[PDB]
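Next up: a single chain in structure tokens, the form deposited in one PDB entry.
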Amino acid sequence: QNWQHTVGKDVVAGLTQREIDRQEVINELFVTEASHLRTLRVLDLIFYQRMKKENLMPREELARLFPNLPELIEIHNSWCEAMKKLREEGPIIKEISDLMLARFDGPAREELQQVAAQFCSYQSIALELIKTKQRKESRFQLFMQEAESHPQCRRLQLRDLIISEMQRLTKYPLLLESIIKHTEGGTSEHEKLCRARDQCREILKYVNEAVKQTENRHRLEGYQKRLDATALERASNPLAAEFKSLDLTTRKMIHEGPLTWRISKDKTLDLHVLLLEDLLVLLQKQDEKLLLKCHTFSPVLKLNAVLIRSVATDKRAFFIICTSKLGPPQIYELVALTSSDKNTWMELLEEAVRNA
């Protein structure tokens, strides 16, 4: 388990430390690719195919948990087989950039990010479902224990193995940076490796974004059900009534979080707040319901009609100042959990305002 030992034992002396190190990293890449493929085939054989064959769950559920596994496996197997081909021409691997570009650039990039994103985007939700299922269904809990007892699982659970694809993608840039580091500069090789490294980052950003939007969408549907915008079915101040039929489902979420509202000088209101693309929405938790409600102060703010200001004496607090001539003469004074949180909330608030 290590290139200088193993292969390249009589062939080591010939080489520089840099070229030894280059070989090691390339070897790690190859060996951990095959290893990753192994893990996917464990998912296939121990879990997916058995769940399917023995009807452990409705096919509609199973497809959400394992959307495109055979495709995922072939993405990696094909690449793996090209690695084998290249190792065939001797244990000292020469140029590698084209093999990297064949997985991470152009069409091959589009394919990998689509397939990886479809496999991962919904995964946190499917796993929560599986967890529920295990609690509630004895046949299912039993099957999961039996499957996880298989030695191929290496004592891990399904939730610990199914995340391997996301984790594998995060390693490629790091493995490329280290190869690049041990590659002679001024080379086309070197340039093309940098290109591959950069495209891997872009692939991670794409999968990051898919998970974000898929989870956010599911989260906002759940919130919508629990939304009660009833006290705005009437109105007090004019500027609240237009959000009586506020539908969270039709907007994008940027951020969310608890904030304390300093409404007067010795009154506070504990809020949960959504930062959407166009609106900041202030909600009160009330059992399991999310109350959209005045105080008067409006509970919805339009980001195109506000300014954001720090508070010099309170590193956890920030102001929102409504700029409509119909606005309140009062500022919304909001308090975050920490100074860090307040930095985050402000950075994102200012950005969203610039784009509103």
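Residues carry their position along the shown sequence, with the first being 1. Superpose the two forms; the largest set of C-alphas matching within 1.5 Å is the rigid core.
Modelled in this chain, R59 is likewise built in all the other compared entries whose models extend past it on both sides, so a third of them omitting it does not occur. The records show that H295 is omitted from the coordinate set of at least a third of the other eligible entries of this protein. According to the record, no deposited residue between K53 and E54 is left without atomic coordinates. If you average the C-alpha B-factors over 281-289 and over 99-107, the higher value belongs to 281-289. Look at the C-alpha B-factors of 300-308 and of 23-31. On average they run higher in 300-308. In the PDB entry, the Cα temperature factor peaks, among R139, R262, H182, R155, at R262. Within the selection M83, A117, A229, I73, the deposited Cα B-factor values reach their highest point at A229. Among the modelled residues of its chain, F243 has a C-alpha B-factor that falls in the highest third according to the deposited record. Looking at the C-alpha B-factors along this chain, the one for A147 belongs to the lowest third. Sort the chain's modelled residues by C-alpha temperature factor and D198 lands in the lowest third, per the entry. In the deposited entry, the Cα temperature factor of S236 places it in the highest third of its chain's modelled residues. When the modelled residues of the chain are ordered by their C-alpha B factor, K267 lands in the highest third.
What comes next is about the form deposited in another entry, which does not appear here.
After superposition on the rigid core, the Cα atom of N77 is displaced by less than 2 Å between the shown form and the other one.
Remark: with the core as the superposition reference, the CA shift of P107 between the shown form and the other one stays below 2 Å.
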